[PDB]
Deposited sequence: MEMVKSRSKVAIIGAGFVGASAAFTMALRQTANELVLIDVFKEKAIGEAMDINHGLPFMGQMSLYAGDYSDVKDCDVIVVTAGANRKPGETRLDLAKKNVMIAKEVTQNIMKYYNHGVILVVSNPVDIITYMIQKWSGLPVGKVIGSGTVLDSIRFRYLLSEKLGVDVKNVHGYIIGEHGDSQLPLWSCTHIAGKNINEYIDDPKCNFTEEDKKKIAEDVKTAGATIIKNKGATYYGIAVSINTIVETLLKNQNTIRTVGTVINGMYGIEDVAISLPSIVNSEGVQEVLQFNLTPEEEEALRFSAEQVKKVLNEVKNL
């Protein structure tokens, strides 16, 4: 039934694949590369794919339900660097692009997601970035793992730009229906935006957390379970936010975004969110070339 194609066999492309290979998230998985085959063979060593077939070229984006872009590599230069790589990938993908939902993972995700959405000339509801999906996940986790409660009842989201301007939706965070007003927690928010930085310091890279994130999202899309995820979408006309890609809780499925939940945010939160958009917008101006 399902078929996912991952663009880029880097540690991320590889991990991702390896993860949705153990979890056997899709029926078919393709490793499109940009330098690949060997990375697929090593994964195929743990052979029991009683529900998956891992293969190795862009002409295979045909009939894909999802297409993940992990390609990518003095910061703002990175963006501009990645934008170049991205632009080329977008061309090739679209050369054979047919039915499918594109998931952007390349960093700076917020920027590339938007850019790629344009480059492809695809509906805004079909191109999605991994956005703050992982951040929101960890956000709920930290909460539960600190209030003696389990993530099961923990309902919270991390919206905005997947960077430093991100903000936690406290006004819409409830434990089984209990506001965060129990009896302070400005740390939980911190550890969520510090995680990436700290990891990069020690390991000097990051790809396991993302690989998982990808798996998650791919699973969400393939299930069509109306699950809410703070994935990145090109927003235009919300909270006064215009042309720019940003994360917001939205119900997605194998065929695009269904709707980007229009939560009622407090004035401070609407401010924060708006501000956040401005950061991404700054970089976008630099790009768009």
item: Stretches of the record's deposited sequence for which the structure holds no C-alpha atoms; value: 1-6, 42-44, 66-67, 85-90, 201-211, 318
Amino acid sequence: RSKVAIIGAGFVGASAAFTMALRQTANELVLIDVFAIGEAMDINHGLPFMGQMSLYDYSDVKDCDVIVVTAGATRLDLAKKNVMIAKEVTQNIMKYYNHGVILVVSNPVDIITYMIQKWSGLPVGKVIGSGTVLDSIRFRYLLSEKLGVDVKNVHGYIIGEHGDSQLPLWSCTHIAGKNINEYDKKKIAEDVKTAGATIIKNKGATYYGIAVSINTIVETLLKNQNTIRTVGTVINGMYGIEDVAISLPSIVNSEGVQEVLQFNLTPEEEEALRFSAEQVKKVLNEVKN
From here on, numbers count along this sequence of modelled residues.
| item | value |
| --- | --- |
| Stretch exceeding the other in mean C-alpha B-factor - 214-222, 162-170 | 162-170 |
| Residue range whose averaged C-alpha B-factor is higher in the record, 117-125 or 76-84 | 76-84 |
| Largest Cα B-factor, entry values, listed residues 89, 133, 175, 103 | 175 |
| Out of 69, 31, 228, 47, highest CA B-factor residue | 47 |
| Ranked C-alpha temperature factor of residue 239 among modelled chain residues, by third | highest |
| Among modelled residues of the same chain, the CA temperature factor third for residue 260 | middle |
| CA B-factor ranking of residue 201, expressed as a third of its chain | middle |
| Ranked C-alpha temperature factor of residue 288 among modelled chain residues, by third | highest |
| Record-listed C-alpha B factor of residue 253: chain third | middle |
